[PDB]
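J.: Starting from these lines, generate the structure:
(8 chains)
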Amino acid sequence: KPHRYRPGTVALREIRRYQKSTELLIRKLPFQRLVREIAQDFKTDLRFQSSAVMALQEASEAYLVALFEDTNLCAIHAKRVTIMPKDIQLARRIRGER
Amino acid sequence: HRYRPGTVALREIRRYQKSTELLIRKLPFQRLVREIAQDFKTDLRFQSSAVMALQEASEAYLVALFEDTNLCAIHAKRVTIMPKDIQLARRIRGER
Amino acid sequence: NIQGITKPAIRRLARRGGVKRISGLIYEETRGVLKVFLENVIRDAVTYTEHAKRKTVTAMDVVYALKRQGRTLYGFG
Amino acid sequence: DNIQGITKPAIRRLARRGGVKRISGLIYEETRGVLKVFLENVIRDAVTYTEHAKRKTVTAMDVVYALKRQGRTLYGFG
Amino acid sequence: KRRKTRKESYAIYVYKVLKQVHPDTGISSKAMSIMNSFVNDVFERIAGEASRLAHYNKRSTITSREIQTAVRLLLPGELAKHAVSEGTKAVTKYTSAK
Amino acid sequence: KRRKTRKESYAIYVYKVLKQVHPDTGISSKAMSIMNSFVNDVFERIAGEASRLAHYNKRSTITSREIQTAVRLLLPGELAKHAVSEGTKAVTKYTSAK
Amino acid sequence: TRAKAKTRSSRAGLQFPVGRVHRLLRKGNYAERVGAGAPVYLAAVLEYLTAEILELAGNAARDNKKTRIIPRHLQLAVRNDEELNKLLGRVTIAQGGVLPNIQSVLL
Amino acid sequence: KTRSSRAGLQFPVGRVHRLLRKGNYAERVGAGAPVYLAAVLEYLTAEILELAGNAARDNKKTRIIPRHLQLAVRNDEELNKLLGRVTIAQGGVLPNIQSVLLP
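T.: Residues are numbered from 1 along each chain as shown, chains lettered A, B, ... in the order given. Now the structure:
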């Protein structure tokens, strides 16, 4: 019988690891491509400095982490341990983004 | 004759969303403002317009907070607001 | 004087906010929140008044205090 | 179709950093949409700043100013 | 017999605009005060955005294009484009006149 | 060939303060940039608050009192009072010397 | 002799005061210099925003069978318009009340 | 003799005065205003640097990194309130796990 951790030990291990670490969690090239694709709609033939993309990635990851913390709080409020899109919608509505 | 438990609540909601006058009595709120300001500076005087502005701001803030609290209560499959709903709303807002 | 914000007043404020059913413990929490908010706004207003060397808190002081906290209020100057 | 570049493991890692223990399968599309909206706003402000400067390169300072205008001040990029 | 000091306000201009958009319609004192505060707040917002735009580009003059960029940054979409159109039309007419 | 144009930062002053508070602790480039940005942000906040205070009181000069009120309005609790004490000490010493 | 005085607002075709806006910009500690066209452009933008809000408030007042705009009409006009609501999202209008909005679950 | 030395400060009083004059804040700038602002900035920098050095020593490091600054800011209540809407690059987040999610 192969060893198997129960469903939630590895999740807590990941939580601890990614809260101890500080490196960016999104791949750099896909994020740069997404930024360029979005910027295409505002002005054609735009160039980007590397520091600009790094700052955009840092801000986006910080915003997503804060939103996920709020989503976790909302899901815990509903006596759940699973985050759902309704939790994100409630968090963004209370924050005042919707 | 007795209305069922919730008809009068909806009636009051409609009445107070139609209306625009302040919902807190003027004198108790003025006394609270003076009591709070006593801890910052003594022998302070207040203009009537200042207290009216404070009352308007406080009532708007409380109404928005109660809207968020109602949303939180609905999120938890409830129709009754609880202190934990207010705490969650203030925590998501970034006040506590 | 915090008790001057009576239970019917808090109920009316909740009704304006669309709340249909109110727990009995809402009132103390609402009083505390209102006290904290008023303490912050009044502290800023008194700071503005003291800088002006005035002894009367004006409506403009309250408006500036609210605007500093991202709560701009129209209708008072 | 670069929004799919933000893969499911990336969103899972972001949630883990946020403290989420269990993630629904519909969270990823909502997260991608929210990220797209946020990036659209920030990039729009940054491109406005760049165009006002008569430049063709979006700089880090433009992004910093755009974030500051939206109340999301960023430290470490000037 | 001490005459009160002169307090400047946008009341007459707001009244003229109201008569332009609604001839048989009035405005109360409180609503006029609210509109004056709105005008003052928007003026402060746009002027501050233009000032920081000039400072960022190391310029000492607030020009029409700085105000245009401030309007584009601060207004939400269709409002921004219509405000830009009105401003450009007014500036063109003013330049054409004298 | 040609030296880059000089860009003023608060690096040396932050380093001196760090050596005062931690003689053996160093600082990384990213941390130094973060400290410089923090100093710039706080300077902008305090200066803007002082300017608004002067405008509200129809004054043309920013003095120690206006900055002090800005500090009291912007810094929370013990930070505000300690900053006030430090600043008053510095101003008293400066006026006592010359 | 000197020519007849013409207001800059008249030249720009605007109702808002170009001269007053220019004086406020000069004495507002915004920049060392203020261009000639900046007050015109800002007055035009302010006039357009005022016209939009006043038109919507007049529509609200006519809906409420009133011939005079009150703060309630201004609040209704601002909150019923998505872009105006976004522009004044952090702004409280005195005596404006709230929009009628009852959640479906409470019905 | 530098104005910073007169006030017993390490931050540049003259540079702060020049920035105040050239920052479009007021028509005139007082003499004591740059001194007071430099003192306040120095105090805030000293507080953050002391907390960051404590964090670095707790992490067995001798050089302050952005993680140490983030820990110092978010662990101090007043500093967290001051920088509530500020994001520090490469700072990460605090190790906070909700009690309901623990085994």
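J.: Please identify the helix or strand for the one residue in chain A that gets nearest to chain H.
T.: Taking Cβ to the nearest Cβ, chain H has its nearest neighbour within chain A at residue A:22, 3.7 Å off. Using the backbone N, CA and C atoms, a C-beta is placed for each residue, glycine as well. Under the assignment given by DSSP states H and E, residue A:22 is not contained in any helix or strand.
J.: Could you find the closest non-adjacent residue to residue C:26?
T.: Once flanking residues are discounted, residue C:26 sits nearest to residue B:81: 5.9 Å by Cβ to Cβ, 6 or more residues apart in numbering or on different chains.
J.: That neighbour is in contact with residue C:27, isn't it?
T.: No - here residue B:81 does not reach residue C:27: they are 11.1 Å apart, not a contact under Cβ atoms under 8 Å.
J.: In terms of neighbours, single out the busier of those two.
T.: A side-by-side neighbour count of residue B:81 and residue C:27, using other Cβ atoms under 10 Å in any protein chain shown, places residue B:81 first with 28 against 19.
J.: so who does that one touch?
T.: For residue B:81, the set of contacting residues under the criterion of Cβ atoms under 8 Å, 6 or more residues apart in numbering or on different chains consists of B:66, B:69, B:70, B:72, B:73, C:14, C:19, C:21, C:22, C:23, C:26.
J.: Which one of those is nearest to chain F?
T.: Taking those together and measuring to chain F by Cβ to the nearest Cβ, the closest member is residue B:69, at 25.8 Å.
J.: Was I right to think the closest one contacts residue B:87?
T.: No - here residue B:69 lies out of contact with residue B:87, judged by Cβ under 8 Å, at a distance of 9.2 Å.
J.: give me the beta-bridge partners of the residue nearest to residue C:26?
T.: Taking DSSP bridges, one finds residue C:22 as the beta-bridge partners of residue B:81.
J.: Excluding residues flanking it in the chain, which one is nearest the residue of chain E found nearest chain H?
T.: Of all residues in chain E, residue E:51 sits closest to chain H, with a separation of 6.2 Å (Cβ to the nearest Cβ). Counting by Cβ to Cβ, 6+ apart, residue G:30 is the residue found nearest to residue E:51 once chain neighbours are left out, at 4.1 Å.
J.: Mind telling me which residue of chain A is nearest chain G?
T.: residue A:96 (6.7 Å).
J.: no, scratch that, I was asking about chain C
T.: Nearest residue of chain C to chain G (Cβ to the nearest Cβ) works out as residue C:75 at 3.2 Å.
J.: The longest helix along chain G near chain E anywhere?
T.: Using DSSP state H, we find that the single longest helix of chain G is helix G:37-63. Yes - for a cut-off given as Cβ under 8 Å from any Cβ of the partner chain, helix G:37-63 has contacts with chain E, namely G:37-38, G:40-55, G:57-58, G:61-62.
J.: out of everything not next to it in sequence, what's closest to the residue of chain C closest to chain G?
T.: Closest residue to residue C:75 apart from its sequence neighbours, by Cβ to Cβ, 6+ apart: residue G:94 at 3.2 Å.
J.: For residue G:86, list the residues it contacts.
T.: Under the criterion of Cβ under 8 Å, 6+ apart, the contact partners of residue G:86 comprise residue E:76.
J.: In three-state terms, label it for me.
T.: Classification of residue G:86 using DSSP: H, G, I helix; E, B strand; the rest coil returns helix.
J.: Roughly how far does it sit from chain H?
T.: Note on residue G:86: its distance to chain H, by Cβ to the nearest Cβ, to the nearest Å, is 19 Å.
J.: ok, now how distant is that residue from residue E:79?
T.: In this view, residue G:86 and residue E:79 are 9 Å apart by Cβ to Cβ, to the nearest Å.
J.: Give the residues shared as contacts by the two.
T.: Residues touching both residue G:86 and residue E:79 (Cβ under 8 Å, 6+ apart): none.
J.: Which positions in chain E make contact with chain H?
T.: If contact is defined as Cβ under 8 Å from any Cβ, the residues of chain E in contact with chain H are E:51, E:55.
J.: Which residue does chain E have closest to chain D?
T.: With Cβ to the nearest Cβ as the measure, the residue in chain E that lies nearest chain D is residue E:69; the distance is 4.2 Å.
J.: Then the residue nearest to residue E:51 would be within a helix, right?
T.: No - residue assignment for residue G:30, taken from three-state DSSP, gives coil, which places it outside any helix.
J.: Near residue G:107, how many other residues are there?
T.: Neighbour count for residue G:107, taken as other Cβ under 10 Å: 8.
J.: Can you tell me, leaving aside adjacent residues, what's nearest to it?
T.: Of all residues not flanking residue G:107 in the chain, residue B:10 sits nearest, at 7.6 Å (Cβ to Cβ, 6+ apart).
J.: Give me the distance between the residue positioned nearest the centre of chain A and residue A:38.
T.: A centroid search over chain A (Cα atoms, centre = their mean) returns residue A:64, at 3.6 Å, as the residue closest to the centre. For residue A:64, the distance to residue A:38 equals 16 Å [Cβ to Cβ].
J.: for residue C:27, same thing?
T.: Note on residue C:27: its distance to residue A:38, by Cβ to Cβ, is 48 Å.
J.: Repeat that for residue C:72.
T.: Separation of residue C:72 from residue A:38 (Cβ to Cβ) stands at 31 Å.
J.: What residues does the residue nearest to residue E:51 make contact with?
T.: For residue G:30, the set of contacting residues under the criterion of Cβ under 8 Å, 6+ apart consists of E:47, E:48, E:50, E:51, E:62, H:24.
J.: What about it? Give its phi and psi, please.
T.: Summarising the backbone geometry of residue G:30 under the convention degrees, to the nearest 10, its torsions are phi -100, psi -50.
J.: Kindly report the same for residue C:57.
T.: For residue C:57, the backbone dihedrals are phi -80, psi 120 (criterion: degrees, to the nearest 10).
J.: so it sits right up against residue B:48, yeah?
T.: No - assessed by Cβ under 8 Å, residue C:57 is found out of contact with residue B:48, at 11.0 Å.
J.: Number of residues surrounding the residue in chain C that chain H sits nearest to?
T.: Scanning chain C for proximity to chain H using Cβ to the nearest Cβ identifies residue C:70 as nearest, at 10.1 Å. Residues lying near residue C:70 (other Cβ under 10 Å) number 9.
J.: which residues touch stretch E:78-88?
T.: For stretch E:78-88, the external contacting residues (Cβ under 8 Å, 6+ apart) are E:64, E:67-68, E:71-72, E:74-75, G:40-42, G:44-45, G:47-49, G:52, G:83-84, G:87.
J.: Return the residues of chain G in contact with chain C.
T.: For chain G, the residues found near chain C under the criterion Cβ under 8 Å from any Cβ are G:71, G:90-95, G:97-98, G:101-103, G:106.
J.: can you do 10 Å?
T.: Taking Cβ under 10 Å from any Cβ of the partner chain as the criterion, chain G approaches chain C at residues G:71, G:74-75, G:78, G:88, G:90-98, G:100-103, G:105-107.
J.: Give the buried residues for the longest helix anywhere in chain C.
T.: In terms of residue count, the longest helix belonging to chain C (DSSP H) is helix C:26-51. Within helix C:26-51, the residues scored as buried using 16 or more other Cβ atoms under 10 Å in any protein chain shown are C:26-27, C:29-31, C:33-35, C:37-38, C:40-51.
J.: how many degrees apart are that helix and helix B:26-38 in direction?
T.: For the pair helix C:26-51 and helix B:26-38, the angle between their directions (axes from the mean of the first three to the mean of the last three Cα atoms, to 10 degrees) equals 60 degrees.
J.: In chain E, what residue lies closest to chain F?
T.: Of chain E, the residue with the smallest distance to chain F, taken as Cβ to the nearest Cβ, is residue E:48 at 8.8 Å.
J.: Could you pull up the residues touching the residue nearest in space to the middle of chain E?
T.: Centroid-nearest residue in chain E, with Cα atoms, centre = their mean: residue E:43, separated by 5.4 Å. Residue E:43 makes contacts with E:10, G:16, G:21, G:24, G:25, G:28, G:42, G:43, G:45, G:46, as judged by Cβ atoms under 10 Å, 6 or more residues apart in numbering or on different chains.
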